[PDB]
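Quick notes on the structure that follows.
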Amino acid sequence: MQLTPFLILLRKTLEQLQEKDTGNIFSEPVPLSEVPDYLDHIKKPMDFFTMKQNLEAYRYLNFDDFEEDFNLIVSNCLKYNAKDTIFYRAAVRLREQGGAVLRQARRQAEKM
Ligand SMILES: COc1cc2c(cc1NS(=O)(=O)c1ccc(C#N)cc1)c(C)cc(=O)n2C
C-alpha cells in the first residue's frame, strides 16, 4: 500500500527533486572509497537513493521529516565542499530549485 495520497505525493515529490539534480550528483551515497574523510565532517549522510529506500519502508510519517532529509543532502554538501567546486555549486542550485518543489508539495500535504 504505497497507494495512499500522502505516499504518492512523497513519491512524486522525490522524482521532481531528483529531476532537479541533473548531474545525478546526489542520486547515491557519497562514496567513502573516493572520499575517505567524509564522516569526520558529516554526521548524517543523505542522498536520494536513501530517501527512496526510506519512502518504500514507510519511514516517512509526515512531510516535515521528508523535507528534513532533502535539506540534509544540500546542507551536508555545502558544509563538506569548498565553494569553488562542482558539488557546492550543484547544491546551491538544488536548494534553489528544490525549495520551490517542496513549497508546492507542502501545500498539498496540508490538504490531507
Ligand atoms: C556520488 O558521487 C560523489 C558525490 C560527492 C562527492 C564525490 C562523489 N564521487 S567521486 O569522488 O567519485 C567524484 C569526483 C569528481 C566528480 C566530478 N566532477 C564526480 C564524482 C564529493 C567529493 C562531495 C560531495 O558532496 N558529493 C555529493
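Sequential numbering from 1 along the given sequence is applied to the chain's residues. The figures here come from the full heavy-atom set of this structure, side chains too, leaving out hydrogens, waters and symmetry mates. First listed ligand is number 1; within each ligand, the first listed atom is number 1.
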Just need the protein heavy atom nearest to [atom], so name the residue and atom and give the distance.
{"atom": "atom 12 (O) of ligand 1", "answer": "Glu34 CG, 3.4 Å"}
{"atom": "atom 18 (N) of ligand 1", "answer": "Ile86 CG2, 4.0 Å"}
{"atom": "atom 22 (C) of ligand 1", "answer": "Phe87 CE1, 3.6 Å"}
{"atom": "atom 27 (C) of ligand 1", "answer": "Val30 CG2, 3.5 Å"}

Discussion item. Applying side-chain contact (heavy atoms from CB on, under 4.5 Å) to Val101 and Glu19, what does each step give before you reach the verdict?
Written reply: CA-CA 10 Å; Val101 169; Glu19 301 189 348; over 6 Å; no

Worksheet item: Counting heavy atoms only, which of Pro45, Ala91, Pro31 is nearest atom 8 (C) of ligand 1?
Response: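 Nearest option to atom 8 (C) of ligand 1, by heavy atoms: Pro31.
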
Discussion item. Heavy atoms only, cut-off 4.0 Å: how does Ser27 contact ligand 1, side chain, backbone, both, or neither?
Written reply: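 It is neither part, as no heavy atom is under 4.0 Å.
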
Worksheet item: At a non-hydrogen distance cut-off of under 4.0 Å, which region of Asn81 contacts ligand 1 (side chain, backbone, both, or neither)?
Response: side chain

Discussion item. Tell me if the CD atom of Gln104 is crowded by more than 12 foreign heavy atoms within 6.0 Å.
Written reply: no

Worksheet item: Roughly how far apart are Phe70 CZ and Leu72 CG, rounded to 0.5 Å?
Response: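 Those atoms lie 11.0 Å apart.
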
Discussion item. With a 4.0 Å cut-off on N to O distance, would you call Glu56 and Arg11 a salt bridge?
Written reply: yes

Practice prompt. For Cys77, counting its heavy atoms only, list the atoms of ligand 1 lying under 4.0 Å from any of them.
Written response: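 So the answer, numbered in order with elements, is 25 (O).
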
Discussion item. I'd like to check which ligand 1 atoms, numbered from 1 as shown, lie under 4.0 Å from a non-hydrogen atom of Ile25.
Written reply: 1 (C), 4 (C), 27 (C)

Worksheet entry | Side-chain touch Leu17/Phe66, heavy atoms, less than 4.5 angstrom | yes

Item to complete: Return the set of residues passing salt bridge (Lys or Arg N to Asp or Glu O under 4.0 Å) with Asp37 (not counting sequence neighbours), or none when no residue passes.
Response: none

Side-chain atoms of residues 23-34: list all donor-acceptor pairs with protein atoms under 3.5 Å, sequence neighbours left out, distances to 0.1 Å.
from, atom 1, to, atom 2, distance (Å)
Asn24, OD1, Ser27, OG, 3.3

